[PDB]
Amino acid sequence: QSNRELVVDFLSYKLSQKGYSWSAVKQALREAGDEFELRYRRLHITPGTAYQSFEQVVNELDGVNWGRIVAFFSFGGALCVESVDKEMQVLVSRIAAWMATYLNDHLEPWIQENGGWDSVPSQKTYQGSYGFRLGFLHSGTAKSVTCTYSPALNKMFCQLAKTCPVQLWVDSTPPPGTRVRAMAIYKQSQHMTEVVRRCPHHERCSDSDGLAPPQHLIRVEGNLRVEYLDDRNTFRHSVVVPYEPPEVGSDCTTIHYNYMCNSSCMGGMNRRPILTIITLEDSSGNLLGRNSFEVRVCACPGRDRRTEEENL
Ligand SMILES: [Zn+2]
């Protein structure tokens, strides 16, 4: 229980390589941890679903060898960095605690027996040089609310075709010509290759604003400069608007998104969970920053969020 020095130092080292401070046989793990990274690749994380993502990934890697321990320590390193990227700093100390309770029960008893000292759009969060973060109104879960967001799940519940305000926060103002793109993908791995689109009923219902194509799940409300993309090679849908600096006195910019199809719609999402990816891009289309959040479109956003959070 004092291998804590290994976890508390190895993770703080991977935070050093990215610019974060924590706030013998130590060298040995960093070289392997590093040497494993340049030769590798390397699953969503929320403050509530945090221990779940640790039970799953660590149990899924089937005889413990000297190679998986690096792969496990290195796994906890990316987790703490991505947790801070997602503006979820709280999980860093929690991850070290879980990294201290798995090796103590499952992984070490193998080491004392040895004792030797020698197609799919990515969803990784990047805040980028402009400090790009997402903000949400804290609207509670009373039965009458159009849209609500759950921080414990980083999940937004909204009613169909209702204003979903999403805030863009930046440390510095991106140059003119900057654009903001929204895109939905399926959350589960088995469906991530499938394009999220509207179901036949809502696709052919008289709801068009005259700007969005009838097959697009996500629309932007109140913006004549809105642009809709059906990708030439991935066939994925996205919607982009020009970024505007915050209003007079404000310090965030608010896009009004609409979700035009319900989560349980047969022929569409068919009760499958989706994520919405917001990217900041310049005029030439280079990526400046990316954040994502799960979305569910339902009839009563209030009751569904409270029902989900009461499970935590
Ligand atoms: Zn539908």
# chains A, B, ... in the order shown; residues from 1 in each chain; ligands from 1

call {"tool": "residues_around", "arguments": {"residues": "residue A:199", "least_positions_apart": "4", "cutoff": "7 Å", "atoms": "only C-alpha atoms", "output": "ChimeraX atom specification"}}
result
/A:203,265-268

call {"tool": "residues_around", "arguments": {"residues": "stretch 3-8 of chain A", "least_positions_apart": "2", "cutoff": "7 Å", "atoms": "only C-alpha atoms", "output": "list in words"}}
result
residues 1, 10, 11, 12, 26, 96 and 100 of chain A

call {"tool": "residues_around", "arguments": {"residues": "residue A:187", "least_positions_apart": "6", "cutoff": "10 Å", "atoms": "only C-alpha atoms", "output": "PyMOL selection string"}}
result
chain A and resi 43-44+272-276+294-295

call {"tool": "write_last_selection", "arguments": {"atoms": "N, CA and C atoms", "output": "PDB file, in the first residue's frame"}}
result
ATOM      1  N   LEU A  43     -13.897   4.713 -25.604  1.00  0.00           N
ATOM      2  CA  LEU A  43     -13.788   4.628 -24.152  1.00  0.00           C
ATOM      3  C   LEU A  43     -13.960   6.006 -23.508  1.00  0.00           C
ATOM      4  N   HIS A  44     -15.207   6.309 -23.149  1.00  0.00           N
ATOM      5  CA  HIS A  44     -15.633   7.602 -22.626  1.00  0.00           C
ATOM      6  C   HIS A  44     -15.572   7.646 -21.105  1.00  0.00           C
ATOM      7  N   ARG A 272     -30.274   4.032 -29.605  1.00  0.00           N
ATOM      8  CA  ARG A 272     -28.849   3.881 -29.334  1.00  0.00           C
ATOM      9  C   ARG A 272     -28.237   5.209 -28.899  1.00  0.00           C
ATOM     10  N   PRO A 273     -27.355   5.199 -27.900  1.00  0.00           N
ATOM     11  CA  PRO A 273     -26.776   6.462 -27.425  1.00  0.00           C
ATOM     12  C   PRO A 273     -25.843   7.071 -28.458  1.00  0.00           C
ATOM     13  N   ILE A 274     -25.857   8.403 -28.533  1.00  0.00           N
ATOM     14  CA  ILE A 274     -25.019   9.151 -29.464  1.00  0.00           C
ATOM     15  C   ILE A 274     -24.219  10.212 -28.716  1.00  0.00           C
ATOM     16  N   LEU A 275     -23.104  10.606 -29.323  1.00  0.00           N
ATOM     17  CA  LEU A 275     -22.310  11.740 -28.877  1.00  0.00           C
ATOM     18  C   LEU A 275     -22.361  12.842 -29.924  1.00  0.00           C
ATOM     19  N   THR A 276     -22.308  14.085 -29.463  1.00  0.00           N
ATOM     20  CA  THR A 276     -22.176  15.240 -30.339  1.00  0.00           C
ATOM     21  C   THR A 276     -20.768  15.807 -30.202  1.00  0.00           C
ATOM     22  N   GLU A 294     -22.367  13.468 -24.576  1.00  0.00           N
ATOM     23  CA  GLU A 294     -23.453  12.580 -24.951  1.00  0.00           C
ATOM     24  C   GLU A 294     -24.757  13.363 -25.026  1.00  0.00           C
ATOM     25  N   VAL A 295     -25.621  12.947 -25.956  1.00  0.00           N
ATOM     26  CA  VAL A 295     -26.944  13.523 -26.154  1.00  0.00           C
ATOM     27  C   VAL A 295     -27.975  12.407 -26.079  1.00  0.00           C
TER      28      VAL A 295
END

call {"tool": "residues_around", "arguments": {"residues": "stretch 154-169 of chain A", "least_positions_apart": "5", "cutoff": "6 Å", "atoms": "only C-alpha atoms", "output": "count of residues only"}}
result
26

call {"tool": "residues_around", "arguments": {"residues": "residue A:89", "least_positions_apart": "4", "cutoff": "12 Å", "atoms": "only C-alpha atoms", "output": "list in words"}}
result
residues 15, 20, 21, 22, 23, 45, 46, 47, 79, 80, 81, 82, 83, 84, 85, 93, 94 and 95 of chain A

call {"tool": "atom_distance", "arguments": {"atom1": "atom CA of residue A:48", "atom2": "atom CA of residue A:306"}}
result
13.2 Å

call {"tool": "residues_around", "arguments": {"residues": "residue A:225", "least_positions_apart": "2", "cutoff": "7 Å", "atoms": "only C-alpha atoms", "output": "list in words"}}
result
residues 223, 227 and 241 of chain A

call {"tool": "closest_residue", "arguments": {"among": "A:207, A:35, A:309, A:244", "to": "ligand 1", "atoms": "only C-alpha atoms and all ligand atoms"}}
result
A:207

call {"tool": "residues_around", "arguments": {"residues": "residue A:49", "least_positions_apart": "4", "cutoff": "8 Å", "atoms": "only C-alpha atoms", "output": "PyMOL selection string"}}
result
chain A and resi 45+53+152-153

call {"tool": "write_last_selection", "arguments": {"atoms": "N, CA, C and O atoms", "output": "mmCIF file, in the first residue's frame"}}
result
data_model
loop_
_atom_site.group_PDB
_atom_site.id
_atom_site.type_symbol
_atom_site.label_atom_id
_atom_site.label_comp_id
_atom_site.auth_asym_id
_atom_site.auth_seq_id
_atom_site.Cartn_x
_atom_site.Cartn_y
_atom_site.Cartn_z
ATOM 1 N N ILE A 45 -15.355 8.851 -20.584
ATOM 2 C CA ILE A 45 -15.090 9.042 -19.164
ATOM 3 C C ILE A 45 -15.866 10.253 -18.658
ATOM 4 O O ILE A 45 -15.809 11.334 -19.257
ATOM 5 N N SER A 53 -15.537 2.810 -16.334
ATOM 6 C CA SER A 53 -14.546 2.765 -17.402
ATOM 7 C C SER A 53 -13.208 2.205 -16.927
ATOM 8 O O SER A 53 -12.386 1.807 -17.760
ATOM 9 N N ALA A 152 -22.442 15.056 -14.035
ATOM 10 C CA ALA A 152 -21.982 13.748 -13.577
ATOM 11 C C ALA A 152 -21.887 12.749 -14.722
ATOM 12 O O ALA A 152 -21.092 11.804 -14.664
ATOM 13 N N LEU A 153 -22.688 12.940 -15.763
ATOM 14 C CA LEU A 153 -22.648 12.093 -16.940
ATOM 15 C C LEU A 153 -22.145 12.819 -18.175
ATOM 16 O O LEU A 153 -22.001 12.181 -19.223
#

call {"tool": "closest_residue", "arguments": {"among": "A:138, A:305, A:198, A:204", "to": "ligand 1", "atoms": "only C-alpha atoms and all ligand atoms"}}
result
A:198

call {"tool": "atom_distance", "arguments": {"atom1": "atom CA of residue A:269", "atom2": "atom CA of residue A:122"}}
result
19.6 Å

call {"tool": "select_by_dssp", "arguments": {"residues": "stretch 60-250 of chain A", "states": "helix (DSSP H, G or I)", "output": "NGL selection string"}}
result
:A and (66-85 or 91-110 or 189-191 or 200-203)

call {"tool": "select_by_dssp", "arguments": {"residues": "stretch 6-157 of chain A", "states": "strand (DSSP E)", "output": "ChimeraX atom specification"}}
result
/A:133-136,147-150,155-157
